[PDB]
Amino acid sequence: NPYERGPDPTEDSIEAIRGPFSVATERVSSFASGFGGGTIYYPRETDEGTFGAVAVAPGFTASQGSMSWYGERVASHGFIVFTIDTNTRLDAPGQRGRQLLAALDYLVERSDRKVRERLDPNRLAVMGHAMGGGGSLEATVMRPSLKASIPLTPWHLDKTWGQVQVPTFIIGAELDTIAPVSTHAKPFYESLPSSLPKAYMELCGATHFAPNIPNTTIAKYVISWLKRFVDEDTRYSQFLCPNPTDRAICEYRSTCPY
């Protein structure tokens, strides 16, 4: 596997606040075409090969600040992280899906050479919080060539996603009453194709805003899903299959083995 980056993982090494790669950043003007700009976090070491990329969208009326902690956390494990702002703070889930693809296209076509030369433009993912999570599902319908999708406590009015072809990892919050898992996160996951590689993780006692503050249980398995599907790295299947039993997890569902 030519996309394998970093040493062989352990349960502690995926919980590490800093991975094996150092992080540099680039700021992108809000007048970039198709999205509201953002901050790119990328690994600085080039001697192991180029990296895949994930665009990170925020929720309704939120900004990249609410998703900022993913930046260094994930990119230090060998990914290019693009925390973006939306065109307006009121953008709908469909609008946030189009803007996630616009951010990924900016990385490929127009990003700074320091970023371009570290990027594998064929290995791209999407991630989003709340309405940005509903945008992550919309992004995979709009671009089924993406490698992974991670809706965090997602909110969407449309509950059926039976045509999704991108490995999707949904994270729900037990005490979410803004996008309750019983009418949002769980219906989305169960509607995903039975054959798709997918997973659902419900955090115990978590609120709708748990993705906005550093969370090891979120971090360790966001990194595992991204390595497993953006890097095709089967060294991270051990963490995902069989289903994790972390004390922080109150409900886990998957289509293991993968």
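Residue numbers here begin at 1 and follow the sequence given.
Comparing 42 to 50 with 56 to 64, the higher mean C-alpha B-factor in the PDB entry belongs to 42 to 50. 75 to 83 and 109 to 117 differ in mean CA B-factor, and the higher of the two is recorded for 109 to 117.
In the PDB entry, a CA B factor belonging to the middle third of its chain's modelled residues is recorded for residue 159.
When the modelled residues of the chain are ordered by C-alpha B-factor, residue 123 sits in the middle third. In this PDB entry, the Cα temperature factor of residue 98 sits in the middle third of its chain's modelled residues. Compared with the other modelled residues of the chain, the Cα B-factor recorded for residue 223 ranks in the highest third.
Per the deposited record, the Cα B-factor of residue 191 falls in the lowest third when ranked against the other modelled residues of its chain.
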